[PDB]
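K.L.:
File data_20.cif below, mmCIF, N, CA and C atoms:
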data_start
#
loop_
_atom_site.group_PDB
_atom_site.id
_atom_site.type_symbol
_atom_site.label_atom_id
_atom_site.label_comp_id
_atom_site.auth_asym_id
_atom_site.auth_seq_id
_atom_site.Cartn_x
_atom_site.Cartn_y
_atom_site.Cartn_z
ATOM 1 N N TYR A 1 19.362 9.611 18.062
ATOM 2 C CA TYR A 1 20.587 9.124 17.288
ATOM 3 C C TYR A 1 20.569 7.655 16.871
ATOM 4 N N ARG A 2 21.679 7.261 16.211
ATOM 5 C CA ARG A 2 21.827 5.906 15.705
ATOM 6 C C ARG A 2 20.755 5.851 14.560
ATOM 7 N N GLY A 3 19.613 5.113 14.575
ATOM 8 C CA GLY A 3 18.618 5.194 13.449
ATOM 9 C C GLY A 3 18.861 6.236 12.377
ATOM 10 N N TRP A 4 19.783 5.914 11.501
ATOM 11 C CA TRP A 4 20.069 6.736 10.360
ATOM 12 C C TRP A 4 18.906 6.453 9.395
ATOM 13 N N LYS A 5 19.183 6.074 8.165
ATOM 14 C CA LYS A 5 18.104 5.658 7.302
ATOM 15 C C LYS A 5 18.438 4.430 6.498
ATOM 16 N N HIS A 6 17.321 3.850 6.138
ATOM 17 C CA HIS A 6 17.166 2.713 5.249
ATOM 18 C C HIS A 6 16.330 3.362 4.134
ATOM 19 N N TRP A 7 16.839 4.580 3.795
ATOM 20 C CA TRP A 7 16.248 5.503 2.855
ATOM 21 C C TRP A 7 17.277 6.125 1.919
ATOM 22 N N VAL A 8 17.088 5.844 0.662
ATOM 23 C CA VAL A 8 17.908 6.401 -0.377
ATOM 24 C C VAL A 8 17.110 6.410 -1.656
ATOM 25 N N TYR A 9 16.871 5.203 -2.191
ATOM 26 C CA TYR A 9 16.116 4.995 -3.427
ATOM 27 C C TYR A 9 16.352 6.098 -4.465
ATOM 28 N N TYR A 10 17.029 5.716 -5.551
ATOM 29 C CA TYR A 10 17.368 6.616 -6.661
ATOM 30 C C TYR A 10 18.878 6.920 -6.664
ATOM 31 N N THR A 11 19.610 6.182 -5.812
ATOM 32 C CA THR A 11 21.075 6.260 -5.679
ATOM 33 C C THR A 11 21.593 7.503 -4.948
ATOM 34 N N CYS A 12 22.694 7.276 -4.234
ATOM 35 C CA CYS A 12 23.420 8.292 -3.436
ATOM 36 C C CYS A 12 24.428 7.595 -2.569
ATOM 37 N N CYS A 13 23.961 6.487 -2.029
ATOM 38 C CA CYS A 13 24.706 5.691 -1.108
ATOM 39 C C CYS A 13 24.228 4.230 -1.238
ATOM 40 N N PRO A 14 24.330 3.356 -0.206
ATOM 41 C CA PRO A 14 23.911 1.954 -0.369
ATOM 42 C C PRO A 14 22.408 1.738 -0.712
ATOM 43 N N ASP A 15 21.861 0.572 -0.350
ATOM 44 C CA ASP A 15 20.490 0.182 -0.739
ATOM 45 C C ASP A 15 19.328 0.595 0.211
ATOM 46 N N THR A 16 18.096 0.407 -0.327
ATOM 47 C CA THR A 16 16.815 0.649 0.363
ATOM 48 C C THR A 16 15.939 -0.609 0.407
ATOM 49 N N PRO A 17 16.542 -1.807 0.395
ATOM 50 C CA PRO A 17 15.808 -3.055 0.432
ATOM 51 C C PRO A 17 15.619 -3.581 1.847
ATOM 52 N N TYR A 18 16.233 -2.919 2.828
ATOM 53 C CA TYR A 18 16.115 -3.360 4.214
ATOM 54 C C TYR A 18 14.817 -2.830 4.839
ATOM 55 N N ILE B 1 19.367 -6.202 -16.859
ATOM 56 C CA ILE B 1 20.658 -5.611 -17.298
ATOM 57 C C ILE B 1 20.547 -4.087 -17.343
ATOM 58 N N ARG B 2 21.289 -3.432 -16.442
ATOM 59 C CA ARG B 2 21.325 -1.963 -16.281
ATOM 60 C C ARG B 2 20.481 -1.171 -17.309
ATOM 61 N N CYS B 3 19.155 -1.366 -17.318
ATOM 62 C CA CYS B 3 18.298 -0.589 -18.226
ATOM 63 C C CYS B 3 17.857 0.659 -17.485
ATOM 64 N N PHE B 4 18.697 1.684 -17.604
ATOM 65 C CA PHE B 4 18.550 2.982 -16.929
ATOM 66 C C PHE B 4 19.449 2.960 -15.700
ATOM 67 N N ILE B 5 19.200 3.812 -14.727
ATOM 68 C CA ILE B 5 20.053 3.820 -13.542
ATOM 69 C C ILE B 5 19.777 2.634 -12.629
ATOM 70 N N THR B 6 18.578 2.583 -12.056
ATOM 71 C CA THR B 6 18.227 1.494 -11.137
ATOM 72 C C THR B 6 16.736 1.424 -10.853
ATOM 73 N N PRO B 7 16.162 0.198 -10.788
ATOM 74 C CA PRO B 7 14.761 0.038 -10.428
ATOM 75 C C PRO B 7 14.606 0.323 -8.934
ATOM 76 N N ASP B 8 13.594 -0.232 -8.279
ATOM 77 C CA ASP B 8 13.438 0.020 -6.843
ATOM 78 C C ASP B 8 14.802 -0.083 -6.118
ATOM 79 N N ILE B 9 15.228 1.034 -5.481
ATOM 80 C CA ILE B 9 16.487 1.122 -4.679
ATOM 81 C C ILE B 9 17.654 1.993 -5.289
ATOM 82 N N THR B 10 18.890 1.440 -5.433
ATOM 83 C CA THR B 10 20.089 2.188 -5.930
ATOM 84 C C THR B 10 21.171 1.222 -6.470
ATOM 85 N N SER B 11 21.472 0.236 -5.632
ATOM 86 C CA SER B 11 22.522 -0.788 -5.819
ATOM 87 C C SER B 11 22.766 -1.414 -7.212
ATOM 88 N N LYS B 12 21.876 -2.311 -7.657
ATOM 89 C CA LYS B 12 22.149 -3.101 -8.886
ATOM 90 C C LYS B 12 21.217 -2.925 -10.075
ATOM 91 N N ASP B 13 21.457 -3.811 -11.060
ATOM 92 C CA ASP B 13 20.673 -3.865 -12.275
ATOM 93 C C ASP B 13 19.406 -4.672 -12.084
ATOM 94 N N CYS B 14 18.317 -4.110 -12.573
ATOM 95 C CA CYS B 14 17.024 -4.779 -12.568
ATOM 96 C C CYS B 14 17.238 -6.256 -12.813
ATOM 97 N N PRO B 15 16.795 -7.123 -11.907
ATOM 98 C CA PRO B 15 16.981 -8.553 -12.096
ATOM 99 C C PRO B 15 16.133 -9.086 -13.256
ATOM 100 N N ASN B 16 15.063 -8.360 -13.590
ATOM 101 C CA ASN B 16 14.192 -8.718 -14.710
ATOM 102 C C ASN B 16 14.230 -7.585 -15.752
ATOM 103 N N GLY B 17 14.868 -7.825 -16.913
ATOM 104 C CA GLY B 17 14.982 -6.766 -17.932
ATOM 105 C C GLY B 17 15.249 -7.243 -19.365
ATOM 106 N N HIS B 18 14.802 -6.426 -20.333
ATOM 107 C CA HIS B 18 14.971 -6.691 -21.779
ATOM 108 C C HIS B 18 14.915 -5.385 -22.590
ATOM 109 N N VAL B 19 13.930 -4.550 -22.257
ATOM 110 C CA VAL B 19 13.721 -3.249 -22.901
ATOM 111 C C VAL B 19 13.737 -2.160 -21.838
ATOM 112 N N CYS B 20 14.319 -1.005 -22.133
ATOM 113 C CA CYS B 20 14.306 0.079 -21.154
ATOM 114 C C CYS B 20 12.877 0.617 -21.068
ATOM 115 N N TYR B 21 12.129 -0.041 -20.202
ATOM 116 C CA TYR B 21 10.702 0.184 -19.983
ATOM 117 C C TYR B 21 10.387 1.388 -19.053
ATOM 118 N N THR B 22 10.710 2.591 -19.547
ATOM 119 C CA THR B 22 10.482 3.909 -18.890
ATOM 120 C C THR B 22 9.024 4.015 -18.319
ATOM 121 N N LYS B 23 8.718 3.204 -17.271
ATOM 122 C CA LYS B 23 7.354 3.107 -16.676
ATOM 123 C C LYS B 23 7.014 4.146 -15.589
ATOM 124 N N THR B 24 6.409 5.249 -16.019
ATOM 125 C CA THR B 24 5.938 6.325 -15.122
ATOM 126 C C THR B 24 4.543 5.988 -14.557
ATOM 127 N N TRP B 25 4.390 4.781 -14.015
ATOM 128 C CA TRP B 25 3.101 4.333 -13.474
ATOM 129 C C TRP B 25 2.960 4.624 -11.976
ATOM 130 N N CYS B 26 1.766 5.059 -11.592
ATOM 131 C CA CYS B 26 1.468 5.381 -10.198
ATOM 132 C C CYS B 26 0.527 4.371 -9.559
ATOM 133 N N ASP B 27 -0.089 3.499 -10.374
ATOM 134 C CA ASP B 27 -1.032 2.510 -9.858
ATOM 135 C C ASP B 27 -2.299 3.231 -9.395
ATOM 136 N N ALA B 28 -2.123 4.035 -8.362
ATOM 137 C CA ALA B 28 -3.180 4.843 -7.794
ATOM 138 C C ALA B 28 -2.577 5.930 -6.885
ATOM 139 N N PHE B 29 -1.619 5.515 -6.037
ATOM 140 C CA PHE B 29 -0.942 6.419 -5.083
ATOM 141 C C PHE B 29 0.484 6.786 -5.451
ATOM 142 N N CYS B 30 1.305 5.745 -5.659
ATOM 143 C CA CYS B 30 2.751 5.905 -5.841
ATOM 144 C C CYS B 30 3.354 5.938 -4.417
ATOM 145 N N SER B 31 3.456 4.737 -3.813
ATOM 146 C CA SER B 31 3.898 4.559 -2.412
ATOM 147 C C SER B 31 5.412 4.505 -2.148
ATOM 148 N N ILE B 32 6.285 4.685 -3.133
ATOM 149 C CA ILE B 32 7.724 4.650 -2.813
ATOM 150 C C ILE B 32 8.293 6.070 -2.750
ATOM 151 N N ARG B 33 9.006 6.375 -1.642
ATOM 152 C CA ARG B 33 9.650 7.698 -1.362
ATOM 153 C C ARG B 33 9.201 8.824 -2.302
ATOM 154 N N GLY B 34 9.537 8.653 -3.562
ATOM 155 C CA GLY B 34 9.205 9.604 -4.595
ATOM 156 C C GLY B 34 9.928 9.268 -5.863
ATOM 157 N N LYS B 35 9.498 8.159 -6.455
ATOM 158 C CA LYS B 35 10.084 7.660 -7.690
ATOM 159 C C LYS B 35 10.499 8.796 -8.591
ATOM 160 N N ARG B 36 11.573 8.587 -9.327
ATOM 161 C CA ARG B 36 12.042 9.582 -10.256
ATOM 162 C C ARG B 36 11.640 9.175 -11.645
ATOM 163 N N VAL B 37 10.433 8.662 -11.657
ATOM 164 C CA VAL B 37 9.762 8.257 -12.850
ATOM 165 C C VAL B 37 10.518 7.184 -13.633
ATOM 166 N N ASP B 38 9.911 6.829 -14.743
ATOM 167 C CA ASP B 38 10.346 5.819 -15.682
ATOM 168 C C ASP B 38 11.792 5.284 -15.573
ATOM 169 N N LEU B 39 11.959 3.954 -15.491
ATOM 170 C CA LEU B 39 13.289 3.338 -15.611
ATOM 171 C C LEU B 39 13.156 2.076 -16.444
ATOM 172 N N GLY B 40 12.264 1.187 -16.050
ATOM 173 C CA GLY B 40 12.044 0.021 -16.855
ATOM 174 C C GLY B 40 12.688 -1.237 -16.360
ATOM 175 N N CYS B 41 12.780 -2.186 -17.282
ATOM 176 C CA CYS B 41 13.318 -3.517 -17.041
ATOM 177 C C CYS B 41 12.157 -4.428 -16.754
ATOM 178 N N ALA B 42 11.568 -4.852 -17.844
ATOM 179 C CA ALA B 42 10.411 -5.717 -17.877
ATOM 180 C C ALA B 42 10.271 -6.163 -19.332
ATOM 181 N N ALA B 43 9.164 -6.759 -19.726
ATOM 182 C CA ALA B 43 9.049 -7.191 -21.114
ATOM 183 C C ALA B 43 7.939 -6.485 -21.898
ATOM 184 N N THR B 44 8.183 -6.366 -23.212
ATOM 185 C CA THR B 44 7.242 -5.792 -24.205
ATOM 186 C C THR B 44 6.740 -4.359 -23.949
ATOM 187 N N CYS B 45 5.880 -3.946 -24.893
ATOM 188 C CA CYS B 45 5.163 -2.671 -24.890
ATOM 189 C C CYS B 45 3.687 -3.042 -25.053
ATOM 190 N N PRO B 46 3.115 -3.672 -24.008
ATOM 191 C CA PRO B 46 1.738 -4.193 -24.037
ATOM 192 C C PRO B 46 0.612 -3.169 -23.826
ATOM 193 N N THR B 47 0.906 -2.000 -23.263
ATOM 194 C CA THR B 47 -0.140 -0.982 -23.078
ATOM 195 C C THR B 47 0.395 0.431 -23.267
ATOM 196 N N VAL B 48 1.276 0.886 -22.373
ATOM 197 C CA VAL B 48 1.847 2.228 -22.489
ATOM 198 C C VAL B 48 0.752 3.299 -22.642
ATOM 199 N N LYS B 49 -0.042 3.499 -21.577
ATOM 200 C CA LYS B 49 -1.141 4.489 -21.591
ATOM 201 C C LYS B 49 -1.895 4.534 -20.240
ATOM 202 N N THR B 50 -3.187 4.937 -20.263
ATOM 203 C CA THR B 50 -4.004 5.050 -19.032
ATOM 204 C C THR B 50 -3.253 5.950 -18.038
ATOM 205 N N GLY B 51 -3.271 5.640 -16.737
ATOM 206 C CA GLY B 51 -2.506 6.440 -15.794
ATOM 207 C C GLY B 51 -1.085 5.900 -15.661
ATOM 208 N N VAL B 52 -0.576 5.319 -16.760
ATOM 209 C CA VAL B 52 0.753 4.714 -16.808
ATOM 210 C C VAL B 52 1.589 5.247 -17.980
ATOM 211 N N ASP B 53 2.355 6.310 -17.756
ATOM 212 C CA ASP B 53 3.207 6.854 -18.815
ATOM 213 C C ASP B 53 4.428 5.946 -19.009
ATOM 214 N N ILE B 54 4.424 5.161 -20.081
ATOM 215 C CA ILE B 54 5.515 4.216 -20.334
ATOM 216 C C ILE B 54 6.353 4.568 -21.575
ATOM 217 N N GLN B 55 7.613 4.913 -21.385
ATOM 218 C CA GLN B 55 8.484 5.204 -22.526
ATOM 219 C C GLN B 55 9.324 3.972 -22.916
ATOM 220 N N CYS B 56 8.649 2.846 -23.142
ATOM 221 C CA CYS B 56 9.324 1.589 -23.505
ATOM 222 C C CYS B 56 10.246 1.748 -24.728
ATOM 223 N N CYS B 57 11.554 1.624 -24.484
ATOM 224 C CA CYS B 57 12.574 1.763 -25.537
ATOM 225 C C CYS B 57 13.579 0.607 -25.528
ATOM 226 N N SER B 58 13.785 -0.017 -26.683
ATOM 227 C CA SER B 58 14.744 -1.124 -26.803
ATOM 228 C C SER B 58 16.103 -0.655 -27.339
ATOM 229 N N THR B 59 16.591 0.477 -26.838
ATOM 230 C CA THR B 59 17.901 0.991 -27.256
ATOM 231 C C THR B 59 19.000 0.408 -26.352
ATOM 232 N N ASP B 60 20.261 0.702 -26.684
ATOM 233 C CA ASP B 60 21.421 0.243 -25.900
ATOM 234 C C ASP B 60 21.606 1.083 -24.626
ATOM 235 N N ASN B 61 21.629 2.409 -24.785
ATOM 236 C CA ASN B 61 21.849 3.306 -23.648
ATOM 237 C C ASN B 61 20.609 4.091 -23.240
ATOM 238 N N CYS B 62 19.510 3.392 -23.007
ATOM 239 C CA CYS B 62 18.329 4.061 -22.518
ATOM 240 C C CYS B 62 18.608 4.390 -21.053
ATOM 241 N N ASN B 63 19.173 5.607 -20.856
ATOM 242 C CA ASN B 63 19.613 6.208 -19.561
ATOM 243 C C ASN B 63 20.570 7.385 -19.909
ATOM 244 N N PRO B 64 19.971 8.570 -20.234
ATOM 245 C CA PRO B 64 20.708 9.775 -20.706
ATOM 246 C C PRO B 64 21.261 10.710 -19.609
ATOM 247 N N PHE B 65 22.507 10.438 -19.228
ATOM 248 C CA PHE B 65 23.234 11.191 -18.204
ATOM 249 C C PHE B 65 22.903 10.653 -16.816
ATOM 250 N N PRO B 66 23.958 10.291 -16.077
ATOM 251 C CA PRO B 66 23.861 9.663 -14.743
ATOM 252 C C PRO B 66 23.308 10.531 -13.614
ATOM 253 N N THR B 67 22.339 11.379 -13.921
ATOM 254 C CA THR B 67 21.724 12.234 -12.913
ATOM 255 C C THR B 67 20.469 11.576 -12.316
ATOM 256 N N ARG B 68 20.406 11.564 -10.989
ATOM 257 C CA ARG B 68 19.272 10.994 -10.239
ATOM 258 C C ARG B 68 18.676 12.173 -9.507
ATOM 259 N N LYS B 69 18.893 12.342 -8.191
ATOM 260 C CA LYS B 69 18.457 13.602 -7.612
ATOM 261 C C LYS B 69 19.483 14.563 -8.233
ATOM 262 N N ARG B 70 19.607 15.801 -7.872
ATOM 263 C CA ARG B 70 20.603 16.557 -8.613
ATOM 264 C C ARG B 70 21.260 17.701 -7.865
ATOM 265 N N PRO B 71 20.486 18.644 -7.323
ATOM 266 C CA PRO B 71 21.050 19.783 -6.601
ATOM 267 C C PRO B 71 21.871 19.335 -5.403
#
Before we go any further, please render this structure as structure tokens.
P.N.:
Amino acid sequence: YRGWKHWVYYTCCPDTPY
Amino acid sequence: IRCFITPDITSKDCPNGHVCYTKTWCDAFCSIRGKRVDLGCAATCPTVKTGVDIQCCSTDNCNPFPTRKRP
């Protein structure tokens, strides 16, 4: 748990620059 | 300036842009998640070929329908 993602790229939710 | 949906990521407008540079380039591998191909925001139409499918367009709304992933 916790460790969600720093994964999106191509829009859906916040950013992927982290 | 918002040339298409978004360059690397989701959040904002390409910080570097002039023409909707629909750049379907893989370099060799294509190391980001799974690019949804061409978006642009760069300068000129200097090559547009090789293993780089570039749909460089200087239109106003180069970004047809706000669909990214879809299903």
K.L.:
At a cut-off of 9 Å, which residues of chain A touch chain B? Count only C-alpha atoms and give the answer as a PyMOL selection string.
P.N.:
chain A and resi 7-17
K.L.:
Please evaluate the PyMOL selection byres (((chain B and resi 13-19 and name CA) around 12) and name CA) against the displayed coordinates and give the resulting residues as a VMD selection string.
P.N.:
chain B and resid 1 to 12 20 to 23 39 to 45 54 to 63
K.L.:
Using N, CA and C atoms, can you export the residues from the last selection as a compact mmCIF listing (two decimals), in the coordinates of the input?
P.N.:
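Output contents, as saved in result-v4.txt:
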# COMPACT_ATOMS: atom_id res chain seq x y z
N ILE B 1 19.37 -6.20 -16.86
CA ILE B 1 20.66 -5.61 -17.30
C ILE B 1 20.55 -4.09 -17.34
N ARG B 2 21.29 -3.43 -16.44
CA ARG B 2 21.32 -1.96 -16.28
C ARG B 2 20.48 -1.17 -17.31
N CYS B 3 19.16 -1.37 -17.32
CA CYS B 3 18.30 -0.59 -18.23
C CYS B 3 17.86 0.66 -17.48
N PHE B 4 18.70 1.68 -17.60
CA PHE B 4 18.55 2.98 -16.93
C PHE B 4 19.45 2.96 -15.70
N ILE B 5 19.20 3.81 -14.73
CA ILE B 5 20.05 3.82 -13.54
C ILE B 5 19.78 2.63 -12.63
N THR B 6 18.58 2.58 -12.06
CA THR B 6 18.23 1.49 -11.14
C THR B 6 16.74 1.42 -10.85
N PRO B 7 16.16 0.20 -10.79
CA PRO B 7 14.76 0.04 -10.43
C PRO B 7 14.61 0.32 -8.93
N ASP B 8 13.59 -0.23 -8.28
CA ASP B 8 13.44 0.02 -6.84
C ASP B 8 14.80 -0.08 -6.12
N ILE B 9 15.23 1.03 -5.48
CA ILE B 9 16.49 1.12 -4.68
C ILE B 9 17.65 1.99 -5.29
N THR B 10 18.89 1.44 -5.43
CA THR B 10 20.09 2.19 -5.93
C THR B 10 21.17 1.22 -6.47
N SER B 11 21.47 0.24 -5.63
CA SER B 11 22.52 -0.79 -5.82
C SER B 11 22.77 -1.41 -7.21
N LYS B 12 21.88 -2.31 -7.66
CA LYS B 12 22.15 -3.10 -8.89
C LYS B 12 21.22 -2.92 -10.07
N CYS B 20 14.32 -1.00 -22.13
CA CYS B 20 14.31 0.08 -21.15
C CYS B 20 12.88 0.62 -21.07
N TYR B 21 12.13 -0.04 -20.20
CA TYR B 21 10.70 0.18 -19.98
C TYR B 21 10.39 1.39 -19.05
N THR B 22 10.71 2.59 -19.55
CA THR B 22 10.48 3.91 -18.89
C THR B 22 9.02 4.01 -18.32
N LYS B 23 8.72 3.20 -17.27
CA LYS B 23 7.35 3.11 -16.68
C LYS B 23 7.01 4.15 -15.59
N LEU B 39 11.96 3.95 -15.49
CA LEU B 39 13.29 3.34 -15.61
C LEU B 39 13.16 2.08 -16.44
N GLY B 40 12.26 1.19 -16.05
CA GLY B 40 12.04 0.02 -16.86
C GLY B 40 12.69 -1.24 -16.36
N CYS B 41 12.78 -2.19 -17.28
CA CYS B 41 13.32 -3.52 -17.04
C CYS B 41 12.16 -4.43 -16.75
N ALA B 42 11.57 -4.85 -17.84
CA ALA B 42 10.41 -5.72 -17.88
C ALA B 42 10.27 -6.16 -19.33
N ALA B 43 9.16 -6.76 -19.73
CA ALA B 43 9.05 -7.19 -21.11
C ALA B 43 7.94 -6.48 -21.90
N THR B 44 8.18 -6.37 -23.21
CA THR B 44 7.24 -5.79 -24.20
C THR B 44 6.74 -4.36 -23.95
N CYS B 45 5.88 -3.95 -24.89
CA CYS B 45 5.16 -2.67 -24.89
C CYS B 45 3.69 -3.04 -25.05
N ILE B 54 4.42 5.16 -20.08
CA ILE B 54 5.52 4.22 -20.33
C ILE B 54 6.35 4.57 -21.58
N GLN B 55 7.61 4.91 -21.38
CA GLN B 55 8.48 5.20 -22.53
C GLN B 55 9.32 3.97 -22.92
N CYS B 56 8.65 2.85 -23.14
CA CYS B 56 9.32 1.59 -23.50
C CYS B 56 10.25 1.75 -24.73
N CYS B 57 11.55 1.62 -24.48
CA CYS B 57 12.57 1.76 -25.54
C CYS B 57 13.58 0.61 -25.53
N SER B 58 13.78 -0.02 -26.68
CA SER B 58 14.74 -1.12 -26.80
C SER B 58 16.10 -0.66 -27.34
N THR B 59 16.59 0.48 -26.84
CA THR B 59 17.90 0.99 -27.26
C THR B 59 19.00 0.41 -26.35
N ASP B 60 20.26 0.70 -26.68
CA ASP B 60 21.42 0.24 -25.90
C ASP B 60 21.61 1.08 -24.63
N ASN B 61 21.63 2.41 -24.78
CA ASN B 61 21.85 3.31 -23.65
C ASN B 61 20.61 4.09 -23.24
N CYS B 62 19.51 3.39 -23.01
CA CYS B 62 18.33 4.06 -22.52
C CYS B 62 18.61 4.39 -21.05
N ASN B 63 19.17 5.61 -20.86
CA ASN B 63 19.61 6.21 -19.56
C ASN B 63 20.57 7.38 -19.91
K.L.:
Separation of atom N of residue 18 of chain A and atom N of residue 6 of chain A, in Å?
P.N.:
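One can read the atom N of residue 18 of chain A to atom N of residue 6 of chain A distance as 7.6 Å.
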K.L.:
Between atom CA of residue 24 of chain B and atom CA of residue 38 of chain B, what is the spacing in Å?
P.N.:
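These two atoms are separated by 4.5 Å.
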K.L.:
What is the atom C of residue 26 of chain B to atom N of residue 70 of chain B distance in Å?
P.N.:
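Atom N of residue 70 of chain B lies 22.3 Å from atom C of residue 26 of chain B.
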K.L.:
Where atoms are absent from segment 58-71 of chain B, fill them in so it carries N, CA, C and O atoms, then output it as a tab-separated table (two decimals), in the frame of the given file.
P.N.:
chain	number	residue	atom	x	y	z
B	58	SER	N	13.78	-0.02	-26.68
B	58	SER	CA	14.74	-1.12	-26.80
B	58	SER	C	16.10	-0.66	-27.34
B	58	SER	O	16.71	-1.32	-28.17
B	59	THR	N	16.59	0.48	-26.84
B	59	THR	CA	17.90	0.99	-27.26
B	59	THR	C	19.00	0.41	-26.35
B	59	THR	O	18.70	-0.27	-25.36
B	60	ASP	N	20.26	0.70	-26.68
B	60	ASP	CA	21.42	0.24	-25.90
B	60	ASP	C	21.61	1.08	-24.63
B	60	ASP	O	21.76	0.54	-23.53
B	61	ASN	N	21.63	2.41	-24.78
B	61	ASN	CA	21.85	3.31	-23.65
B	61	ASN	C	20.61	4.09	-23.24
B	61	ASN	O	20.66	5.31	-23.06
B	62	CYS	N	19.51	3.39	-23.01
B	62	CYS	CA	18.33	4.06	-22.52
B	62	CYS	C	18.61	4.39	-21.05
B	62	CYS	O	18.39	3.55	-20.19
B	63	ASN	N	19.17	5.61	-20.86
B	63	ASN	CA	19.61	6.21	-19.56
B	63	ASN	C	20.57	7.38	-19.91
B	63	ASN	O	21.79	7.22	-20.01
B	64	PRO	N	19.97	8.57	-20.23
B	64	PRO	CA	20.71	9.78	-20.71
B	64	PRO	C	21.26	10.71	-19.61
B	64	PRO	O	20.59	11.65	-19.15
B	65	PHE	N	22.51	10.44	-19.23
B	65	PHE	CA	23.23	11.19	-18.20
B	65	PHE	C	22.90	10.65	-16.82
B	65	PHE	O	21.74	10.50	-16.44
B	66	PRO	N	23.96	10.29	-16.08
B	66	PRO	CA	23.86	9.66	-14.74
B	66	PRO	C	23.31	10.53	-13.61
B	66	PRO	O	23.75	10.40	-12.46
B	67	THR	N	22.34	11.38	-13.92
B	67	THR	CA	21.72	12.23	-12.91
B	67	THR	C	20.47	11.58	-12.32
B	67	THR	O	19.59	11.12	-13.03
B	68	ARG	N	20.41	11.56	-10.99
B	68	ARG	CA	19.27	10.99	-10.24
B	68	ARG	C	18.68	12.17	-9.51
B	68	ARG	O	18.11	13.04	-10.18
B	69	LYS	N	18.89	12.34	-8.19
B	69	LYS	CA	18.46	13.60	-7.61
B	69	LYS	C	19.48	14.56	-8.23
B	69	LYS	O	20.21	14.13	-9.13
B	70	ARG	N	19.61	15.80	-7.87
B	70	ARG	CA	20.60	16.56	-8.61
B	70	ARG	C	21.26	17.70	-7.86
B	70	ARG	O	22.49	17.73	-7.79
B	71	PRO	N	20.49	18.64	-7.32
B	71	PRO	CA	21.05	19.78	-6.60
B	71	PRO	C	21.87	19.34	-5.40
B	71	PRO	O	23.05	19.72	-5.34
